[PDB]
């Protein structure tokens, strides 16, 4: 036990590195939104209880190129809740403020991403039409303002909803993938679709270089994988990309000849889509507490670290690792030797891109101690 560390934060009911500091956000026992930071390679957190008290309880944070922390949280799912630190490096937040002042009345699932040269992307689920719709904004560091990038990017044309995940790669390309859902029931999830943008969201492409004419519907979407309804396909997972801009999507579903849903990796190598089963599960479950977690991935030129949690492994924090997604065997290990129950993984996206260090937000999930697990990957 030389390498890996389980670093205490504090007890609670995202995680992002900027420079040599790691920031964290969580709700304490009294329901207050807390912002914290540490120097990397130390275990001392500075923890700041904010003035804000808590699509139930979601917090997204990101630091811009000037070092300001941007924070958005979703409690009630109505008006946008968005704040910014008072100064570079500060954990103190200002008053709530608008972004564009348009379509900010029915906001859930806020998400920030970094863009090239210190700008930020913001994506949220807008309910102002009556159904969830992906709305995308950009924060320009040179004029210190938010602008709308797309009002309608994925269009379910009154027949369906979309559940998306995004990743901004090390070259500044925005990757987007999603599943469709036909009705209120989770069993009506189907398919995995893809798009990417090289120009901060103005123009979108398929992986084969064909340009989309927006909006993207079920008819014109690129299908990374055709997966029918009633396949135990989960919605709202995650995706990543390697340094070469190839996308990787982590999710799970059941093949038509099995009763057992399996973790999957779906990726495009520049020529075609592939998918591969990640572990060798034996225990059936249906979505119609889910016994497995939505997965997270980090990648290094085809080498994958695939983080999950499964009742078959005692609900530990688990990892599947392959040296090469195309040809190598998966090695499956547990990063903890204790159960974290209903935990789902999240990781410090920026720390992996900048330093190739994998840090996970770990907490026993039904006040429980929050930890940063510093995993070994090389």
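Numbering follows the first chain given and starts at 1.
Next on the checklist: Can you count the deposited residues that have no coordinates between residue 366 and residue 367 and report it as none, 1 to 3, 4 to 9, or 10 or more?
Outcome noted: 10 or more residues are missing.
Checklist entry - What size is the break between residue 54 and residue 55 in terms of deposited sequence residues left without coordinates: none, 1 to 3, 4 to 9, or 10 or more? => result Going from residue 54 to residue 55, the model skips 4 to 9 residues of the deposited sequence.
Next on the checklist: Test of understanding: from the entry's C-alpha B-factors, which stretch has the higher mean, 167 to 175 or 256 to 264?
Outcome noted: Between 256 to 264 and 167 to 175, it is 256 to 264 that shows the higher mean C-alpha B-factor.
Checklist entry - Can you tell me which stretch has the higher mean Cα B-factor, 84 to 92 or 122 to 130? => result Comparing 122 to 130 with 84 to 92, the higher average CA B-factor belongs to 84 to 92.
Checklist entry - Between 137, 251, 275, 197, which carries the biggest CA temperature factor in the record? => result Reading the PDB entry, the winner on C-alpha B-factor is 275.
Checklist entry - Which of these, 45, 338, 32, 352, has its C-alpha atom at the highest B-factor, as the entry lists it? => result By C-alpha B-factor in the record, 32 ranks first.
Checklist entry - Should residue 215 be placed in the lowest, middle or highest third of its chain by the C-alpha B factor in the entry? => result Tercile = middle for this residue's CA B-factor.
Next on the checklist: Is residue 327 in the lowest, middle or highest third of its chain when residues are ranked by C-alpha B-factor?
Outcome noted: Ranked within chain, residue 327 CA B lands in the highest tercile.
Item to check | Third of the chain, ranked by Cα B-factor, where residue 181 sits | outcome: For residue 181, whose C-alpha B-factor we compare with every modelled residue in the chain, the answer is the middle third.
Checklist entry - Lowest, middle or highest third of the chain for the C-alpha temperature factor of residue 155? => result CA B-factor rank for residue 155: middle third.
Checklist entry - Taking the C-alpha B-factors as the PDB entry records them, is residue 247 in the lowest, middle or highest third of its chain? => result Tercile = lowest for this residue's CA B-factor.
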